[PDB]
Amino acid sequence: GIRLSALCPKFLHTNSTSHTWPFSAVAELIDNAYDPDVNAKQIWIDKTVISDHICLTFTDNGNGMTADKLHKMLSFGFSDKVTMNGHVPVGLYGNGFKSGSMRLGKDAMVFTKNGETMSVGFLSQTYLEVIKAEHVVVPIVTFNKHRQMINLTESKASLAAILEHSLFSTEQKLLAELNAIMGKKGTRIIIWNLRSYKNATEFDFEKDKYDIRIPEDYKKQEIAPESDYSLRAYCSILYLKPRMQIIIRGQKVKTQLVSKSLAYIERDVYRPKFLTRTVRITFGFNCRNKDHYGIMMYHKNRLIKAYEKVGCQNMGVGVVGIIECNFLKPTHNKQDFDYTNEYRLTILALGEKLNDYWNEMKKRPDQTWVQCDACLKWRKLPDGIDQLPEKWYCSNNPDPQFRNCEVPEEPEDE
């Protein structure tokens, strides 16, 4: 007879307030694709328009979800991720999709295929406001491999809601997105009702069509390094030892390598009292720029903090350190660690070591298109596609904006 704690729709906004850098939210979605339970080898991040709404999409070729798993994804605190074959999940908290999605936009939808079933999940602030829901309710529709519904009572109600309040008015509209996952397995996340300032999106898509950017009005709370304002630059350094390929705006992201990025590389070790094991550090002088230097702190192969100054905050420059600390704990937005005693010690050690180091030491990739078999029109393709079907038609186009034979061909780049 004991009551369950309840979730109010308003909390959805509240849970997003930790992200003050939007890329933190983006990073979270990427992480979920990266994690070994999904095991995606590609993630495509795109900007498109659907039903007159600017949309951000995250599409991956990973394992997908059962319906129940979908529910957990749309629920708070459920995570069951284990290391596989030395692939360690970043995911811990069980909050990352909600916090990220909602930070990016009011409304989000998840289409997933696990190769036995496909499901569609709705997490909308807008929907909840309209129906004046007192609880967070997440519609789910599920289908067999044959496009036949299952779990009908849930599905019927869910579909009715989704069709009515969703971007996608028709069943036909929904399955198109399911179709945009080319493989048997995978997931597509669509987010709309993006944060707008000055009646325009927080993001700037105009300046570089191959990037998602933060407008000039840019630096973090903290001359800004690129990763601060370019998603592409950020994605490059996001993973220390990349296991997945990220495509932004259809152009794949070229990962940096320490070699060819740094000179006078030297190794160092951290042997805290509190730790069983040693932790390596790599110190380098920064080739590309100068102004960008500091420590790169990675946790579980993912980047938490970058360009953090240590030791000498002038004096000591162009110096970079790379360390991975799996013993620290990330904060709510995974952009910092908990400010513990151990964290403090690590920072201290890093500075001393860096100081020692200092004293001691002194063409984008080609686009690809396919021709439609029933227009003869050429339609643009994103990188990272291993296989095309024998014949390709505008109808099966993943890009929402050229799914019609009657859609004029895009000019190639001037």
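Numbering starts at 1 and runs along the sequence shown.
Asker: Count up the deposited residues without coordinates from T83 to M84 and drop the result into none, 1 to 3, 4 to 9, or 10 or more.
Answerer: In the record, the chain runs straight from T83 to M84 with none unmodelled.
Asker: Between 85-93 and 147-155, point out the one with the higher average CA B-factor as the PDB entry records it.
Answerer: Mean B over CA atoms: larger for 147-155.
Asker: Averaging the C-alpha B factors as listed in the entry, name the stretch that ends up higher: 206-214 or 314-322.
Answerer: Comparing 206-214 with 314-322, the higher mean C-alpha B-factor belongs to 314-322.
Asker: Quick one: which of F122, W192, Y229, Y293 has the biggest Cα B-factor according to the entry?
Answerer: Comparing C-alpha B-factors across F122, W192, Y229, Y293, the maximum falls on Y293.
Asker: Sorting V49, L70, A27, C372 by Cα temperature factor from the record, which one lands on top?
Answerer: If I rank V49, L70, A27, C372 by C-alpha B-factor, first place goes to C372.
Asker: Test of reading the entry: by CA B factor among the chain's modelled residues, which third contains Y234?
Answerer: Lowest third of the chain for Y234's C-alpha B-factor.
Asker: Sort the modelled residues of this chain by their C-alpha B factor and say whether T346 lands in the lowest, middle or highest third.
Answerer: According to the entry, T346 has a C-alpha B-factor in the chain's middle third.
Asker: Among the chain's modelled residues, which third holds the C-alpha B-factor of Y270?
Answerer: As the PDB entry reports it, the C-alpha B-factor of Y270 lands in the middle third of its chain.
Asker: Using the B-factors in the PDB entry, rank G183's C-alpha atom against the chain and give the third, lowest, middle or highest.
Answerer: Tercile = highest for this residue's CA B-factor.
Asker: Using only modelled residues of the chain, where does the Cα B factor of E164 rank: lowest third, middle third or highest third?
Answerer: According to the entry, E164 has a C-alpha B-factor in the chain's middle third.
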